[PDB]
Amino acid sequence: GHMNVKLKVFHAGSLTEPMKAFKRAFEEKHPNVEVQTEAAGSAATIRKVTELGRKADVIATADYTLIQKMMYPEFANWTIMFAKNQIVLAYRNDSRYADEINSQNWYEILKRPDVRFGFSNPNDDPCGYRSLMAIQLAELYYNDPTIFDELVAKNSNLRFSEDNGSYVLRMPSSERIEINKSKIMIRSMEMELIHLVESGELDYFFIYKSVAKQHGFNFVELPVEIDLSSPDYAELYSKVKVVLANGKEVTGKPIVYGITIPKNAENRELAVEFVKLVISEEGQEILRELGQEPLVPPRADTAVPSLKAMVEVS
């Protein structure tokens, strides 16, 4: 009825567990509000608003730059950066060769003919393009120009080209992506790969550390030089770029999650309260307890007057 407001929050798949907690905490404070959450790869999440005509009160992505590139200026005009993450290679203890995989031999294990691994669709999900970025960055770190070629390029139509030191991969439209089903499985968002690994259909998958921990997967920590986790290695990460099918270019960057309130939000006031919760100490702790490092203090890409005291604007 008129005493039941719905706050619509569309978010990155990797924010699924944190969102359950944000929803419970928010509703405890606003008993007449139902926070309606929907998970999808961040680019697909944004398209709900930018292309499908749906209205959301809060948009949260796993890569703040997608809000900037896809929503400015028609659907948003500021982004608050509130969390970080790290790419790891996760598996079950009964995954093929789980007993021998480690940080030094991970890519050789993935190269074995019977090993199947997964990553999400780069056109829809930052985890997917970040997975390809990490594998290509591995070529530079291990001084082995064939890691990406053997694992991905020979098992799909996804290929990195070199251009004066940097590498660029141009994505085919999603409908034209080709994958060798004997070696790789892809899904729109990384969260959808979870059940494939649990069923044994996949042995390994590229995924955020927080999600691996939340779902009880073991994992190989990859070099900081390739895992997109540290602000301090931005210069190395920037050597790889992926051009998404929608034409937007994403560059390897330290993983930083963004949140915004779309310009056309139906319940802006409540949305402000929700964003405040996410970047408050309570919200930072919710993330930490779920295995995801919060960005403390939160930052914004531009002034955000209705939230000035909560954010650092450079």
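In this text, residue numbers run from 1 along the sequence as written.
Q: Please compare 4-12 with 305-313 and say which has the higher mean C-alpha temperature factor in the record.
A: That would be 305-313.
Q: Look up the CA B-factors in the entry and say which stretch, 62-70 or 29-37, has the higher mean.
A: According to the PDB entry, the answer is 29-37.
Q: Highest CA temperature factor in the entry: which of 241, 112, 187, 213?
A: The listed residue with the largest C-alpha B-factor is 112.
Q: Reading the B-factor column of the entry, which of 77, 182, 123, 230 has the highest value at its C-alpha atom?
A: It is 182.
Q: If you rank every modelled residue in this chain by C-alpha B factor, which third holds residue 53: lowest, middle or highest?
A: Highest third, going by the recorded CA B-factors of the chain.
Q: State the tercile, meaning the lowest, middle or highest third, of residue 209 with respect to the CA B-factors recorded for its chain.
A: As the PDB entry reports it, the C-alpha B-factor of residue 209 lands in the lowest third of its chain.
Q: Lowest, middle or highest third of the chain for the C-alpha temperature factor of residue 156?
A: It falls in the middle third of the chain.
Q: Tell me, lowest, middle or highest third: where does the Cα B factor of residue 97 rank within its chain?
A: Residue 97: CA B-factor falls in the highest third of its chain.
Q: Going by the recorded CA B-factors, say which third of the chain residue 258 sits in, lowest, middle or highest.
A: CA B-factor rank for residue 258: lowest third.
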